[PDB]
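We did not get these values from a lab; they are worked out from the coordinates using the rules stated. FYI the Cβ positions are ideal-geometry reconstructions off the backbone, even for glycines, and counts take in every protein chain you see.
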Amino acid sequence: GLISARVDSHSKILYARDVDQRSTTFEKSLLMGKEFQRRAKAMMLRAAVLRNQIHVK
Amino acid sequence: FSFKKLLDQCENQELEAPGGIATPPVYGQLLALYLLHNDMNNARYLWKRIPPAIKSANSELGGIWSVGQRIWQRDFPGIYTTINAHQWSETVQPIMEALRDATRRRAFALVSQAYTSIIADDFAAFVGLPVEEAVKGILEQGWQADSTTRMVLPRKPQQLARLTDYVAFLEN
Amino acid sequence: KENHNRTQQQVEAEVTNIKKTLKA
Amino acid sequence: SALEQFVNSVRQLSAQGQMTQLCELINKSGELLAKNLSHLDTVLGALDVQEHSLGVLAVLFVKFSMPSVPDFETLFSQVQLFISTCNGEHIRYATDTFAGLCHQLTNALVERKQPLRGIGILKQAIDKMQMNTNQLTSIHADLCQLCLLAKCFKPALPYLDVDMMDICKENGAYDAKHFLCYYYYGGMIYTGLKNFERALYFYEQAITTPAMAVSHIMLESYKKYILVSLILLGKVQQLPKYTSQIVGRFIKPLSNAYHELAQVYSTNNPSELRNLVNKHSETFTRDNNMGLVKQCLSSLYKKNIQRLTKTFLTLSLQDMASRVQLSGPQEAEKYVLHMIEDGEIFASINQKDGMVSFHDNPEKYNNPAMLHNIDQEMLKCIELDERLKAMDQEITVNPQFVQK
Amino acid sequence: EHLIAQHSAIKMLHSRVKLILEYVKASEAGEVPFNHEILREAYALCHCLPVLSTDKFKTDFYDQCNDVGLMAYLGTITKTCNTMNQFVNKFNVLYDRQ
């Protein structure tokens, strides 16, 4: 939902959690780089299997 | 650096064998060295690799596996007992003398990081020595200790060339 | 920069040579 | 004997060119190539061995019965030295009988149940047969299979940590079976070492192979794709859009116990998923992928604890072992402790109050170590693009390309 | 075109500092008369040489370095994607499966 908070069950206090903008961008950008490189390598192998015309007959 | 020179020396000896089986002491050293490096998956697969006939022939191999089973469950209070249940000959003994220290330091790091308050009974079983650390830890390392409740409180203690590589790539 | 430019012009030189050959 | 004089006639043909016609007579068989030549075969290999010695062995392992006398142990010793000192480029001109020789040797070692002596054999043959380390040969599947039967996973790591970009044509043959075997046995090897990030990648490549019929080696890769994705990720990952249609119409209906397992592994309930595991237990143990479903059981508990960090900041151990169904504060204490050591969660246990505080503050991006980490990711992408440009340029100078 | 401007600025600063050092050495030896005020100002100049070596400055510098590294990563990805599109386009018309 719309609530951005963290329940503290010890003292029963609902603290509000604020995300860190700088760290969020670094986490997302590095994640995108990791995903992109994986897609590039998979496509590179796909090019090899297409040129060689490999299929299950 | 010196230790690493001996690590890779034992690695290749198992691969080349006259009949696919090496001498018993070579098998034992690899299993013990795997424990020291905490590489549990390869240690488990090495045990599955040994043929059953030689496995039953030498009970020294089984003593390594009993210790490995305890560290595989991360049973810190139990590994210290299995490491002393059997007696290892001097040819393999120094390796065990280094695994025990590695486990001891591993518990120290884990307690200081994953625990804010730990019972002295449980912490002693982790570090392995409930002998003299009870009185020495209060005044030397500074950790405040409270008796009766027995709570311990751990406390926390050239580029230019790289950049021009990026531009020379981007602009071309 | 000079290395990349030389390789770029080397490929362009090779493709034109094989193109001119079969053009009557 | 005319054969002895004929051997010297081969010498004058060699060393002066005429390499093309030399291979022409090799494929002409030779009527078993006088298999009883073993007595004179020792002196046949003049100088530092020749290619002719490699040709004869490729044909006398296919006798279909009793290949090389009860004296195999003697012959295999000479074969071991043969690969280690053959040298030269003559083998590359004949990359169809070396691979065939490797297949016969792999088949022999499997039947005799000694899949450890061939690991050191199928490790230098690949090193020199391939043009570069980024070329997938038909021997990679054999090496991975051999190190999989006799469990020595470490030797095969250098040939699985490199991204294959080329496939050896091997003078014809090389059907899709060898390609799928490498990207399936590699998945098992990574799975055993608990490297699920790359194991999932390997299984995905096998599935995406173009196909028109269901294969036994591809059926048990969709099944393991689901289990590995459930362990690493929280759910079954979406297959690529260019996957073969055979997996969507034929492979999926057979794999229905794993699909049902994924369905249960979408609403967190370990008790219900426990019942399904013990119900379909006969299927999960027949496919030999048992012990990979039991890890899905543990991963459900760890996933739920990793979800508690999205809503809580301090939770009692007794209360924590009521939503994740751990049934005991003591059990939950060790579950959290294990996860902290692995790095899957950031938390600290307060035994005085029996509480767990979720820090969830790993690191701010102001470190020199992080700067080096980003630079390492930079060099992988920069060097990857260079090899893309190199293969692109060779397309431009292709005579077929310029016409259209 | 940028490192040359930086080089010229640094060379001018180097020339000034070299002349100051030569004057200081000449005053030490005896060629020029001992000027107390000039040497005092040279001492003050030398005492300020480690400019702002505080921890907060180091943290800010590391923040700037990481920001530029991320901006370079996003854009190295873009160049690689452009080259990927180019290679795919060149490959399609040659290995077309029709």
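Rounded to the nearest 10 degrees, the inclination of helix D:216-232 to the longest alpha-carbon principal axis of chain D is 30 degrees. Rounded to the nearest Hz, the phi-derived 3J(HN,Hα) couplings of region D:50-67 under the Karplus curve 6.51 cos²θ - 1.76 cosθ + 1.60 (θ = phi - 60°) are 10, 6, 4, 4, 6, x, 5, 5, 5, 9, 9, 8, 10, 5, 6, 6, 6, x, where x marks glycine and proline. Using a Förster distance of 60 angstrom, determine the FRET efficiency expected from the C-beta separation of E:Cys46 and C:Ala13, and round it to 0.05. Plugging the Cβ-Cβ distance into 1/(1 + (r/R0)^6) gives 0.50. In chain D, the longest principal axis of the Cα atoms and the axis of helix D:368-396 are about 40 degrees apart. Taking a ≥ b ≥ c as the square roots of the eigenvalues of the Cα gyration tensor, the protein assembly as shown is oblate, since a/c reaches 1.5 or more and a/b is not larger than b/c. With the helix formula -39500 (n - 2.57) applied to DSSP H stretches of n ≥ 4, chain E reaches a computed 222 nm mean residue ellipticity of -28000 deg cm²/dmol. Per residue of chain D, the DSSP helices (runs of n ≥ 4 H) give a summed -39500 (n - 2.57) that works out to -17000 deg cm²/dmol at 222 nm.
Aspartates and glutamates within cross-link reach of E:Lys25: Cα-Cα under 17 Å, excluding same-chain residues under 8 positions apart? In chain and number order, the partners are E:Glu37, E:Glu41.
Decide, for chain D, between rounded, prolate and oblate: order the square roots of the alpha carbon gyration tensor eigenvalues as a ≥ b ≥ c, take rounded if a/c falls under 1.5, and otherwise choose prolate if a/b is larger than b/c, else oblate. Taking the square roots of the gyration eigenvalues as a ≥ b ≥ c, chain D is prolate.
Seen against the Cα atoms of chain D and their longest principal axis, helix D:270-279 is set at about 40 degrees. Distance between the pseudo-spin-label points of D:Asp48 and B:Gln73 (7 Å out from Cα toward the beta carbon): 5.8 nm. Between region B:100-172 and region D:48-117, the alpha-carbon centres lie 55 Å apart. Modelled spin labels at D:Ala369 and B:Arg155, positioned 7 Å past Cα toward Cβ, are 2.4 nm from each other. Given a cut-off of 20 Å, name the pairs among D:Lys35/D:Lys177; D:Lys235/D:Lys294; A:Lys41/E:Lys79; D:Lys123/D:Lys154; D:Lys113/D:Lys223; A:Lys34/D:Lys294 whose C-alpha atoms lie farther apart than that in the structure shown. From D:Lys35/D:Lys177; D:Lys235/D:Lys294; A:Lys41/E:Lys79; D:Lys123/D:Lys154; D:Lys113/D:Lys223; A:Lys34/D:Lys294, over 20 Å: D:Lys35/D:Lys177; D:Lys113/D:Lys223; A:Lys34/D:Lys294. A prolate overall shape is assigned to chain A, the ratio a/c of its alpha-carbon gyration tensor axes (a ≥ b ≥ c) being 1.5 or greater and a/b exceeding b/c.
Phi-derived couplings, Karplus 6.51 cos²θ - 1.76 cosθ + 1.60 at θ = phi - 60°, listed residue by residue for region C:8-24: 4, 6, 5, 5, 5, 5, 6, 5, 5, 5, 6, 6, 6, 4, 8, 8, 6 Hz, with x used for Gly and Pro. Cross-link reach is defined here as a Cα-Cα straight distance under 28 Å, omitting same-chain residues fewer than 8 places apart; for D:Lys352 the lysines meeting it are A:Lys12, B:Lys136, B:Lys156, D:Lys302, D:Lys303, D:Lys310, D:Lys334.
A Förster distance of 22 Å, applied to the separation of the beta-carbon atoms of B:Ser2 and B:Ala102, puts the FRET efficiency at 0.85. For B:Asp146, nonlocal amide neighbours, meaning residues 5 or more places apart or on other chains whose placed amide H falls under 5 Å from its own, are B:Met151.
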